[PDB]
>>> print(open('input_12.txt').read())   # compact mmCIF, C-alpha atoms and all ligand atoms
# COMPACT_ATOMS: atom_id res chain seq x y z
CA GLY K 1 -20.95 -98.35 7.13
CA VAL K 2 -19.32 -98.97 3.68
CA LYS K 3 -19.99 -96.93 0.46
CA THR K 4 -22.47 -98.35 -2.16
CA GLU K 5 -20.72 -99.03 -5.55
CA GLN K 6 -22.11 -95.74 -7.06
CA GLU K 7 -20.76 -93.86 -3.94
CA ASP K 8 -17.28 -95.52 -4.49
CA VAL K 9 -16.98 -94.39 -8.19
CA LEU K 10 -18.03 -90.87 -6.96
CA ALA K 11 -15.33 -91.17 -4.20
CA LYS K 12 -12.63 -91.91 -6.86
CA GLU K 13 -13.76 -88.96 -9.09
CA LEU K 14 -13.52 -86.74 -5.94
CA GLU K 15 -9.77 -87.64 -5.62
CA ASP K 16 -9.41 -85.02 -8.45
CA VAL K 17 -10.92 -82.15 -6.22
CA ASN K 18 -7.46 -80.46 -5.84
CA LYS K 19 -6.96 -80.64 -9.69
CA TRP K 20 -7.80 -78.06 -12.40
CA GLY K 21 -9.96 -80.07 -14.90
CA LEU K 22 -12.12 -82.06 -12.38
CA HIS K 23 -14.75 -84.27 -14.18
CA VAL K 24 -17.56 -82.07 -12.69
CA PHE K 25 -20.46 -83.19 -15.04
CA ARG K 26 -19.50 -86.83 -14.23
CA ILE K 27 -19.53 -86.04 -10.47
CA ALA K 28 -22.93 -84.38 -11.20
CA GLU K 29 -24.20 -87.71 -12.71
CA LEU K 30 -22.56 -89.99 -10.07
CA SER K 31 -23.90 -87.84 -7.14
CA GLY K 32 -27.58 -87.96 -8.38
CA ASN K 33 -27.41 -84.19 -9.27
CA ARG K 34 -25.47 -83.25 -6.05
CA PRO K 35 -22.16 -81.85 -7.42
CA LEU K 36 -22.43 -78.74 -5.16
CA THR K 37 -23.17 -80.80 -1.98
CA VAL K 38 -20.55 -83.56 -2.45
CA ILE K 39 -17.83 -81.11 -3.66
CA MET K 40 -18.56 -78.60 -0.80
CA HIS K 41 -18.63 -81.52 1.70
CA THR K 42 -15.33 -82.85 0.27
CA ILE K 43 -13.56 -79.39 0.47
CA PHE K 44 -14.95 -78.65 4.00
CA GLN K 45 -13.52 -81.99 5.34
CA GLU K 46 -10.22 -81.62 3.45
CA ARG K 47 -9.73 -78.01 4.70
CA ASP K 48 -10.85 -79.06 8.26
CA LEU K 49 -13.57 -76.31 8.20
CA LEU K 50 -16.18 -78.33 10.25
CA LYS K 51 -13.70 -78.57 13.23
CA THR K 52 -12.29 -75.00 12.86
CA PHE K 53 -15.86 -73.49 12.72
CA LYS K 54 -17.62 -76.19 14.89
CA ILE K 55 -20.12 -76.88 12.02
CA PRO K 56 -22.28 -79.93 12.83
CA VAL K 57 -21.98 -82.28 9.82
CA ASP K 58 -25.84 -82.87 9.66
CA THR K 59 -26.35 -79.01 9.54
CA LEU K 60 -23.72 -78.70 6.73
CA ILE K 61 -25.43 -81.48 4.69
CA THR K 62 -28.97 -80.02 5.26
CA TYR K 63 -27.90 -76.45 4.26
CA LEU K 64 -25.84 -77.66 1.24
CA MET K 65 -28.81 -79.82 0.05
CA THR K 66 -31.19 -76.85 0.61
CA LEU K 67 -28.72 -74.54 -1.24
CA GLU K 68 -28.32 -76.91 -4.22
CA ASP K 69 -32.16 -77.34 -4.46
CA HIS K 70 -32.44 -73.50 -4.89
CA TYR K 71 -30.31 -73.69 -8.03
CA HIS K 72 -32.73 -74.22 -11.03
CA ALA K 73 -32.29 -77.61 -12.82
CA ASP K 74 -34.32 -76.09 -15.80
CA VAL K 75 -31.51 -73.47 -16.45
CA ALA K 76 -28.65 -74.86 -18.61
CA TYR K 77 -25.63 -72.78 -17.45
CA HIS K 78 -26.41 -70.91 -14.18
CA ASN K 79 -27.22 -74.06 -12.10
CA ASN K 80 -25.78 -76.25 -9.28
CA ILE K 81 -23.07 -77.71 -11.64
CA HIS K 82 -21.69 -74.16 -12.38
CA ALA K 83 -21.84 -73.42 -8.59
CA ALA K 84 -19.93 -76.71 -7.87
CA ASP K 85 -17.36 -75.83 -10.59
CA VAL K 86 -16.79 -72.25 -9.30
CA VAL K 87 -16.50 -73.71 -5.70
CA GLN K 88 -13.88 -76.28 -6.84
CA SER K 89 -11.96 -73.67 -9.02
CA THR K 90 -11.79 -71.14 -6.11
CA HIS K 91 -10.64 -74.16 -4.01
CA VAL K 92 -7.74 -74.96 -6.43
CA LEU K 93 -6.88 -71.21 -6.77
CA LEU K 94 -6.67 -70.94 -2.91
CA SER K 95 -4.01 -73.74 -2.91
CA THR K 96 -1.72 -71.74 -5.29
CA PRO K 97 1.91 -71.82 -3.98
CA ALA K 98 2.18 -67.96 -4.21
CA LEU K 99 -0.70 -67.64 -1.63
CA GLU K 100 0.44 -70.46 0.78
CA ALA K 101 -0.48 -69.47 4.41
CA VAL K 102 -1.61 -65.91 3.29
CA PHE K 103 -5.38 -66.22 4.05
CA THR K 104 -7.04 -67.00 7.42
CA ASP K 105 -9.54 -69.92 7.73
CA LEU K 106 -12.34 -67.24 7.81
CA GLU K 107 -11.09 -65.69 4.51
CA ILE K 108 -11.03 -69.24 3.01
CA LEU K 109 -14.56 -70.03 4.37
CA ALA K 110 -15.78 -66.69 2.89
CA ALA K 111 -14.21 -67.45 -0.56
CA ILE K 112 -15.71 -71.00 -0.69
CA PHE K 113 -19.10 -69.94 0.83
CA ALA K 114 -19.30 -66.98 -1.63
CA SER K 115 -18.48 -69.39 -4.55
CA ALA K 116 -21.24 -71.87 -3.50
CA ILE K 117 -24.06 -69.21 -3.19
CA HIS K 118 -22.81 -66.75 -5.89
CA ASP K 119 -25.45 -67.73 -8.59
CA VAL K 120 -28.18 -69.39 -6.37
CA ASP K 121 -31.78 -69.08 -7.72
CA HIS K 122 -30.51 -67.66 -11.06
CA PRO K 123 -33.61 -67.51 -13.32
CA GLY K 124 -31.46 -68.09 -16.50
CA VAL K 125 -31.56 -64.49 -17.87
CA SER K 126 -29.42 -61.31 -17.36
CA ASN K 127 -29.61 -58.14 -15.21
CA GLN K 128 -30.48 -56.04 -18.34
CA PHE K 129 -33.25 -58.58 -19.19
CA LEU K 130 -34.68 -58.40 -15.61
CA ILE K 131 -34.33 -54.57 -15.71
CA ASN K 132 -36.06 -54.16 -19.15
CA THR K 133 -38.94 -56.62 -18.32
CA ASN K 134 -39.72 -54.60 -15.14
CA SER K 135 -39.15 -57.88 -13.12
CA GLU K 136 -39.79 -57.88 -9.30
CA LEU K 137 -36.02 -58.64 -8.80
CA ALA K 138 -35.00 -55.44 -10.71
CA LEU K 139 -37.55 -53.37 -8.66
CA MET K 140 -36.43 -54.97 -5.30
CA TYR K 141 -32.73 -54.07 -5.99
CA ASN K 142 -33.42 -50.68 -7.67
CA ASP K 143 -31.82 -52.09 -10.94
CA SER K 144 -28.26 -52.33 -9.42
CA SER K 145 -26.44 -55.76 -9.48
CA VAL K 146 -30.00 -57.23 -9.39
CA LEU K 147 -28.96 -60.93 -9.65
CA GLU K 148 -25.84 -60.70 -7.42
CA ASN K 149 -27.91 -58.98 -4.61
CA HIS K 150 -30.55 -61.76 -4.99
CA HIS K 151 -27.97 -64.64 -4.81
CA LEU K 152 -26.57 -63.19 -1.56
CA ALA K 153 -30.08 -62.65 -0.01
CA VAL K 154 -31.15 -66.28 -0.80
CA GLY K 155 -27.79 -67.80 0.25
CA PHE K 156 -28.00 -66.02 3.64
CA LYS K 157 -31.83 -66.50 4.04
CA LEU K 158 -31.53 -70.33 3.61
CA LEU K 159 -29.32 -70.39 6.79
CA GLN K 160 -32.66 -69.67 8.60
CA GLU K 161 -34.30 -72.98 7.39
CA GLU K 162 -34.55 -76.03 9.72
CA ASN K 163 -31.09 -77.20 10.90
CA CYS K 164 -29.48 -75.05 8.14
CA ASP K 165 -27.42 -72.46 10.19
CA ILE K 166 -23.87 -73.70 9.36
CA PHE K 167 -22.41 -70.59 11.21
CA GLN K 168 -24.43 -71.12 14.46
CA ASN K 169 -21.16 -71.53 16.57
CA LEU K 170 -19.28 -68.51 15.03
CA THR K 171 -18.98 -65.41 17.32
CA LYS K 172 -20.70 -62.15 16.22
CA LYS K 173 -17.24 -60.77 15.19
CA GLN K 174 -16.61 -63.87 13.00
CA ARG K 175 -20.12 -63.72 11.43
CA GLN K 176 -19.88 -59.92 10.83
CA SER K 177 -16.45 -60.31 9.06
CA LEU K 178 -17.54 -63.47 7.10
CA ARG K 179 -20.83 -61.81 5.95
CA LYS K 180 -19.01 -58.63 4.83
CA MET K 181 -16.37 -60.60 2.84
CA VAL K 182 -19.08 -62.85 1.25
CA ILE K 183 -21.13 -59.79 0.18
CA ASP K 184 -18.00 -58.00 -1.27
CA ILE K 185 -17.00 -61.22 -3.15
CA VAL K 186 -20.46 -62.05 -4.73
CA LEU K 187 -21.13 -58.35 -5.65
CA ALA K 188 -17.75 -58.49 -7.53
CA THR K 189 -19.14 -61.37 -9.76
CA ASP K 190 -21.28 -58.73 -11.62
CA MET K 191 -19.48 -58.30 -15.02
CA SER K 192 -20.17 -54.50 -14.95
CA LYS K 193 -17.54 -54.49 -12.07
CA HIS K 194 -14.96 -56.45 -14.21
CA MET K 195 -13.32 -53.24 -15.58
CA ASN K 196 -12.21 -51.82 -12.17
CA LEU K 197 -11.57 -55.23 -10.53
CA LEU K 198 -9.01 -55.87 -13.36
CA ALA K 199 -7.65 -52.27 -13.00
CA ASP K 200 -7.19 -52.84 -9.22
CA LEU K 201 -5.42 -56.20 -9.98
CA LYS K 202 -3.14 -54.51 -12.63
CA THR K 203 -2.30 -51.70 -10.08
CA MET K 204 -1.63 -54.44 -7.43
CA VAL K 205 0.84 -56.33 -9.74
CA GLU K 206 2.87 -53.09 -10.38
CA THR K 207 2.97 -52.56 -6.49
CA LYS K 208 3.35 -56.37 -5.79
CA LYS K 209 5.27 -56.94 -2.47
CA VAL K 210 6.41 -60.39 -1.14
CA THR K 211 7.47 -61.97 2.24
CA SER K 212 10.80 -63.80 3.09
CA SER K 213 9.25 -66.73 1.11
CA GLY K 214 7.76 -66.21 -2.42
CA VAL K 215 4.17 -65.68 -0.99
CA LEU K 216 2.32 -62.33 -1.60
CA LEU K 217 2.10 -59.63 1.14
CA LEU K 218 -1.45 -58.21 1.71
CA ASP K 219 -1.30 -56.10 4.93
CA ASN K 220 -4.74 -54.32 4.62
CA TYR K 221 -8.38 -55.51 3.99
CA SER K 222 -8.74 -53.46 0.74
CA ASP K 223 -5.92 -55.62 -0.77
CA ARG K 224 -6.93 -58.95 0.87
CA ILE K 225 -10.60 -58.64 -0.30
CA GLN K 226 -9.47 -57.39 -3.77
CA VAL K 227 -7.47 -60.67 -4.28
CA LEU K 228 -10.37 -62.82 -2.96
CA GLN K 229 -12.86 -60.95 -5.26
CA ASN K 230 -10.54 -61.37 -8.34
CA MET K 231 -9.88 -65.04 -7.35
CA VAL K 232 -13.65 -65.94 -7.33
CA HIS K 233 -14.21 -63.76 -10.46
CA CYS K 234 -11.34 -65.83 -12.08
CA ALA K 235 -13.18 -69.03 -10.90
CA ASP K 236 -16.42 -67.67 -12.45
CA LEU K 237 -14.70 -66.94 -15.87
CA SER K 238 -12.55 -70.17 -15.74
CA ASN K 239 -14.51 -72.23 -18.38
CA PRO K 240 -12.20 -71.30 -21.34
CA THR K 241 -9.17 -72.30 -19.13
CA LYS K 242 -10.45 -75.89 -18.62
CA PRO K 243 -9.69 -78.85 -20.97
CA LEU K 244 -11.75 -78.32 -24.16
CA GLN K 245 -14.15 -81.26 -23.37
CA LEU K 246 -15.19 -79.22 -20.27
CA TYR K 247 -14.93 -75.76 -21.99
CA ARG K 248 -17.18 -76.97 -24.91
CA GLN K 249 -19.98 -78.15 -22.50
CA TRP K 250 -19.94 -74.74 -20.70
CA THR K 251 -20.28 -73.00 -24.13
CA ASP K 252 -23.25 -75.25 -25.19
CA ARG K 253 -25.08 -74.39 -21.94
CA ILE K 254 -24.30 -70.66 -22.06
CA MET K 255 -25.54 -70.47 -25.68
CA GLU K 256 -28.70 -72.47 -24.79
CA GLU K 257 -29.34 -70.01 -21.92
CA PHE K 258 -28.58 -66.95 -24.16
CA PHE K 259 -30.61 -68.34 -27.18
CA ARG K 260 -33.42 -69.11 -24.67
CA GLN K 261 -33.20 -65.41 -23.50
CA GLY K 262 -33.15 -64.47 -27.25
CA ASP K 263 -36.34 -66.59 -27.88
CA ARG K 264 -37.96 -64.77 -24.89
CA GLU K 265 -36.50 -61.40 -26.20
CA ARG K 266 -38.48 -61.92 -29.53
CA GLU K 267 -42.11 -62.38 -28.20
CA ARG K 268 -41.39 -59.46 -25.74
CA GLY K 269 -40.17 -57.52 -28.87
CA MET K 270 -37.24 -56.10 -26.81
CA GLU K 271 -34.79 -56.52 -29.77
CA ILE K 272 -32.18 -59.36 -29.44
CA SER K 273 -29.34 -58.70 -26.89
CA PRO K 274 -25.58 -59.50 -27.15
CA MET K 275 -24.55 -62.32 -29.62
CA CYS K 276 -27.75 -64.29 -28.58
CA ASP K 277 -29.21 -65.65 -31.92
CA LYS K 278 -28.38 -67.92 -34.96
CA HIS K 279 -30.06 -65.50 -37.49
CA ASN K 280 -26.57 -63.86 -37.08
CA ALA K 281 -24.14 -63.99 -34.05
CA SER K 282 -21.51 -66.79 -34.58
CA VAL K 283 -20.71 -68.94 -31.45
CA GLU K 284 -16.95 -69.35 -32.31
CA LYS K 285 -16.39 -65.58 -32.85
CA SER K 286 -18.23 -64.91 -29.56
CA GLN K 287 -15.82 -67.26 -27.69
CA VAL K 288 -12.76 -65.52 -29.30
CA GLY K 289 -14.20 -62.06 -28.34
CA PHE K 290 -14.87 -63.28 -24.74
CA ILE K 291 -11.31 -64.69 -24.46
CA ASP K 292 -9.50 -61.70 -26.14
CA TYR K 293 -11.34 -58.85 -24.28
CA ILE K 294 -12.33 -60.46 -20.86
CA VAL K 295 -10.94 -63.89 -19.96
CA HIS K 296 -7.30 -63.45 -21.21
CA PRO K 297 -6.62 -59.91 -19.85
CA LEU K 298 -7.95 -61.09 -16.37
CA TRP K 299 -6.20 -64.53 -16.35
CA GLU K 300 -2.95 -62.98 -17.77
CA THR K 301 -3.03 -60.40 -14.89
CA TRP K 302 -3.79 -63.17 -12.31
CA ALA K 303 -0.90 -65.25 -13.76
CA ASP K 304 1.50 -62.31 -13.21
CA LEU K 305 0.33 -61.85 -9.58
CA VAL K 306 0.96 -65.55 -8.80
CA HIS K 307 3.86 -65.99 -11.31
CA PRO K 308 4.50 -68.66 -12.22
CA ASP K 309 1.84 -70.93 -10.60
CA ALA K 310 -0.81 -70.19 -13.30
CA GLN K 311 1.35 -70.94 -16.45
CA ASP K 312 -0.43 -74.25 -17.45
CA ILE K 313 -3.93 -72.65 -17.00
CA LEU K 314 -2.93 -69.59 -19.18
CA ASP K 315 -1.41 -72.01 -21.79
CA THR K 316 -4.66 -74.11 -21.94
CA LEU K 317 -6.63 -70.83 -22.37
CA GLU K 318 -4.34 -69.69 -25.31
CA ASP K 319 -4.68 -73.21 -26.89
CA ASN K 320 -8.52 -73.20 -26.47
CA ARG K 321 -8.54 -69.67 -28.10
CA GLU K 322 -6.48 -70.93 -31.14
CA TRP K 323 -8.87 -73.94 -31.36
CA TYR K 324 -11.96 -71.62 -31.50
CA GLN K 325 -10.16 -69.28 -34.06
CA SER K 326 -9.38 -72.27 -36.42
CA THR K 327 -13.17 -73.17 -36.37
CA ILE K 328 -14.13 -69.82 -38.15
CA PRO K 329 -14.96 -69.72 -41.93
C1 LIG Y 401 -18.55 -70.66 -21.70
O1 LIG Y 401 -18.60 -69.32 -22.18
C2 LIG Y 401 -19.08 -68.34 -21.37
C3 LIG Y 401 -19.29 -68.44 -20.01
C4 LIG Y 401 -19.78 -67.36 -19.29
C5 LIG Y 401 -20.08 -66.17 -19.92
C6 LIG Y 401 -20.58 -64.94 -19.24
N1 LIG Y 401 -20.69 -63.88 -19.97
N2 LIG Y 401 -21.17 -62.73 -19.46
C7 LIG Y 401 -20.99 -61.68 -20.51
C8 LIG Y 401 -19.60 -61.06 -20.55
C9 LIG Y 401 -19.61 -59.70 -21.24
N3 LIG Y 401 -20.64 -59.60 -22.29
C10 LIG Y 401 -20.41 -59.24 -23.62
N4 LIG Y 401 -21.48 -58.80 -24.31
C11 LIG Y 401 -21.36 -58.44 -25.60
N5 LIG Y 401 -20.24 -58.46 -26.32
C12 LIG Y 401 -19.12 -58.89 -25.67
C13 LIG Y 401 -17.80 -59.00 -26.22
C14 LIG Y 401 -16.89 -59.35 -25.28
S1 LIG Y 401 -17.60 -59.79 -23.77
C15 LIG Y 401 -19.17 -59.29 -24.32
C16 LIG Y 401 -22.02 -59.80 -21.80
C17 LIG Y 401 -22.06 -60.59 -20.50
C18 LIG Y 401 -21.79 -62.65 -18.20
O2 LIG Y 401 -22.15 -61.58 -17.72
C19 LIG Y 401 -22.04 -63.97 -17.49
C20 LIG Y 401 -22.33 -63.86 -15.98
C21 LIG Y 401 -21.10 -63.86 -15.15
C22 LIG Y 401 -19.89 -64.04 -15.63
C23 LIG Y 401 -19.62 -64.53 -17.01
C24 LIG Y 401 -20.87 -64.94 -17.76
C25 LIG Y 401 -19.88 -66.06 -21.30
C26 LIG Y 401 -19.38 -67.13 -22.03
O3 LIG Y 401 -19.16 -67.09 -23.38
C27 LIG Y 401 -19.01 -65.81 -24.03
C28 LIG Y 401 -20.33 -65.33 -24.58
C29 LIG Y 401 -21.39 -66.22 -24.68
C30 LIG Y 401 -22.61 -65.83 -25.19
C31 LIG Y 401 -22.80 -64.53 -25.60
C32 LIG Y 401 -21.76 -63.62 -25.50
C33 LIG Y 401 -20.52 -64.00 -25.00
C34 LIG Y 401 -19.45 -62.96 -24.94
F1 LIG Y 401 -18.28 -63.37 -25.40
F2 LIG Y 401 -19.75 -61.89 -25.67
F3 LIG Y 401 -19.23 -62.52 -23.70
MG MG Y 402 -23.31 -64.45 -11.47
ZN ZN Y 403 -21.36 -67.52 -12.00
>>> encode(input="input_12.txt", output="structure tokens")
Amino acid sequence: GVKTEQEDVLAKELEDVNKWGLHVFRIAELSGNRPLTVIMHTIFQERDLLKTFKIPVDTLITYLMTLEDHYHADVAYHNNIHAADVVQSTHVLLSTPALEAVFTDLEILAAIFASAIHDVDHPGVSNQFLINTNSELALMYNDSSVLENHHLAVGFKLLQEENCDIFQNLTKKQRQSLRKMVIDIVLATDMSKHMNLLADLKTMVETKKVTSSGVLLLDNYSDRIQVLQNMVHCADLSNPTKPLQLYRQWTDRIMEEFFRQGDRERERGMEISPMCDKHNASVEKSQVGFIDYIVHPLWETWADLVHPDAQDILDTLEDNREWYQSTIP
């Protein structure tokens, strides 16, 4: 009933779970390609979610293993490691001092569950790609948030596999509220929603109320869900905010995925997509664009809402942006 030596080293990595900059690829290697399972397990135990929601531990492991196996290992970015990372980033964001004791256990379970399933069974190409290829997924979801609808359907459907229903002891009220929050969160990970989500976050910062302590006041669902959506969306676009060793790996894998869509976009004759090719499109410019137009406006707006808990993260993101700028000839 003692850990193997591999399991111990993994245990000591997982002492960083509450920390921005977790060694997630290392965890991925130490866990035998189980970052999503071991990180989800670790956060569930730490947040006491098995007791609160009467989740049998064998059902949690079976589901988590089933979930991770429905991420594609042959897709370089949108895989189980990105899922683990977004889970752990949402986890750290939930612990932010400015949100202390704001969210119910169900809101927390929804945020973490949403983060774990949000890219499941991602085929390694984009909505526009799936739409333009006339892919079954684009026809199933009448071309609207094709991937995000799919992730949700698979994430929920896998609860129906043998000993996989992690919510089997929740009441119908709990399950109805959890399912609605998880849908609203994952649908908000579609980048075509980003402009609007950010507008609602800007509006919310101008209106920003607070309790007797420094913690935000969110007295309606519209506001509570908006913060959980923007929190997981922040998690999803958090790569450029990590130490550069991490950030650089995420970039390699996104380019590989995008180049690989490019390669596929040549034989299909579709005409290259966004900065997805060497025969032009510079990686370093692309990262500066991404940071200047998407990642910084969002993270800057988040940082104001939780001022000043997000200062270090915003600093790292400004540094990483200067780094990428200095690499341009
Ligand atoms: C580690 O680095 C990245 C991580 C995730 C993403 C993701 N990007 N997107 C993008 C965001 C908006 N898009 C744009 N298309 C053309 N011109 C522009 C100019 C400014 S954004 C933008 C197209 C889609 C996604 O939808 C992904 C799925 C979910 C969330 C985030 C993911 C992008 C990373 O690197 C940047 C990038 C890489 C490769 C090509 C282009 C870009 C680029 F900078 F341009 F974005
Ligand atoms: Mg996604
Ligand atoms: Zn994602």
>>> closest_residue(input="input_12.txt", among="K:209, K:268, K:202, K:285", to="residue 303 in chain K", atoms="all atoms listed in the file")
K:202
>>> closest_residue(input="input_12.txt", among="K:288, K:225, K:98, K:217", to="ligand LIG 401 (chain Y)", atoms="all atoms listed in the file")
K:288
>>> atom_distance(input="input_12.txt", atom1="CA of residue 293 in chain K", atom2="CA of residue 142 in chain K")
28.8 Å
>>> residues_near_point(input="input_12.txt", point="(-20.1, -92.0, -7.6)", cutoff="7 Å", atoms="only C-alpha atoms", output="ChimeraX atom specification")
/K:6-11,27,30-31
>>> residues_near_ligand(input="input_12.txt", ligand="ligand MG 402 (chain Y)", cutoff="12 Å", atoms="all atoms listed in the file", output="PyMOL selection string")
chain K and resi 77-79+82-83+86+114-127+145-152+185-194+232-233+235-237
>>> residues_near_ligand(input="input_12.txt", ligand="ligand LIG 401 (chain Y)", cutoff="6 Å", atoms="all atoms listed in the file", output="JSON, numbers by chain")
{"K": [191, 236, 237, 239, 250, 251, 254, 255, 274, 275, 276, 286, 287, 289, 290, 293]}
>>> closest_residue(input="input_12.txt", among="K:107, K:283, K:234, K:58", to="ligand ZN 403 (chain Y)", atoms="only C-alpha atoms and all ligand atoms")
K:234
>>> atom_distance(input="input_12.txt", atom1="CA of residue 140 in chain K", atom2="CA of residue 60 in chain K")
29.5 Å
>>> atom_distance(input="input_12.txt", atom1="CA of residue 113 in chain K", atom2="CA of residue 25 in chain K")
20.7 Å
>>> closest_residue(input="input_12.txt", among="K:169, K:314, K:278, K:90", to="ligand ZN 403 (chain Y)", atoms="only C-alpha atoms and all ligand atoms")
K:90
>>> axis_aligned_box(input="input_12.txt", around="range 191-200 of chain K", padding_each_side="4 Å", output="AutoDock Vina command-line options")
--center_x -13.7 --center_y -55.1 --center_z -12.4 --size_x 21.0 --size_y 14.5 --size_z 14.4
>>> closest_residue(input="input_12.txt", among="K:282, K:89, K:45, K:311", to="ligand ZN 403 (chain Y)", atoms="only C-alpha atoms and all ligand atoms")
K:89
